[PDB]
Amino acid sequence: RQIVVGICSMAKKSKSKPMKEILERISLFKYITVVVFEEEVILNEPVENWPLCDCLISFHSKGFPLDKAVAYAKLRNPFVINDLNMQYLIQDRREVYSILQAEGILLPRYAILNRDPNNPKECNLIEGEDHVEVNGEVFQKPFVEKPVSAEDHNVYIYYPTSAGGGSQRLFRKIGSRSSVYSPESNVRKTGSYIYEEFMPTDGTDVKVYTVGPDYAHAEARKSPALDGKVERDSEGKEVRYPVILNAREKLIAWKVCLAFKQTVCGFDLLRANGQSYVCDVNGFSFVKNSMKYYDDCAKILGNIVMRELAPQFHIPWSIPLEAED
């Protein structure tokens, strides 16, 4: 019998072009059958009625019942590609940063401001014109202010007086824009935030996409900290710039993939001051518009499934070679 790979995510993800590109390729594996769980089933059926699988690829996005996925994995005990419980922690930037620190991964100097919504003024924040003090720790402008919820993309950057003051307000892309300037120079007064040092890059962010700990694709985009206008080619796709990871960065990718237990993992790197700093870990994420990524990702995922489960199924399997980039 076939080894069944189950895909469990919201339909927007399960029917996305990159998902479909990868699944058609995984399906080329002789002994693998792919089953995509229907969103209506995920949302409305108890987990006892969900399809069986031997290997589970499942990940959280908006509206996804992560508690049900975890209960399904508990019930059926499949081989899990991206750990489900870690996906609760990935929603909280404080937990992400704590894991990165515990792994010796360079990240911006930071402090957490936890604010009681009942007594918002009592928290340990002192604000000057050109700096803040968070639990006594000083951040000179420019600094970054991130909501503790990793799903809240309202990240603000505060400029020093020497550069005109005010702030850049980033947000989930709305059309041709990913940020805007604001004359406001004072920090937000409601909510809990991570404050961190601004790392000077060349104006680009590096996005890294792992498929297991030994393969990572990287590419760069214009930072929204810049001016907020999204760069587009004549075709209307967002401009992306080529990146090859250095030896240190390839190790970063290995560590992030393993520490978060996300085989398929996206994260952000800031190249600054001759080092590379992780500033965000997003979990499950596919590269778009690269035929070579689709090929490599599907092959790697298929080989992981076979290596783990071929002996159980008495299917003969010799471990092949695999790419890094």
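Residue numbers run from 1 along the displayed sequence. In this text, the rigid core denotes the largest set of C-alpha atoms whose superposition between the two forms falls within 1.5 Å.
- For the pair 118-126 and 98-106, greater average C-alpha departure from the shown form in 9 other deposited structures of this protein after core alignment is found in 118-126.
- After a core fit, the C-alpha atoms in 9 other deposited structures of this protein lie farther on average from the shown form in one of 236-244 and 203-211, namely 236-244.
- The PDB entry reports B-factors from which the mean C-alpha value can be compared for 36-44 and 259-267; the larger average falls on 36-44.
- Here the stretch with the larger average CA B-factor, out of 232-240 and 200-208, is 232-240.
- For the set 273, 49, 285, 58, the PDB entry assigns the largest Cα B-factor to 273.
- Among 180, 81, 100, 163, the highest C-alpha B-factor recorded in the PDB entry belongs to 163.
- Per the deposited record, the Cα B-factor of residue 315 falls in the highest third when ranked against the other modelled residues of its chain.
- Placement of the Cα temperature factor of residue 301 within the chain: lowest third of the modelled residues, per the deposited record.
- Per the PDB record, residue ranking by Cα B-factor puts residue 122 in the highest third of the chain.
- The deposited CA B-factor of residue 109 belongs to the middle third of values across its chain.
- Sort the modelled residues of the chain by CA B factor and residue 225 lands in the highest third.
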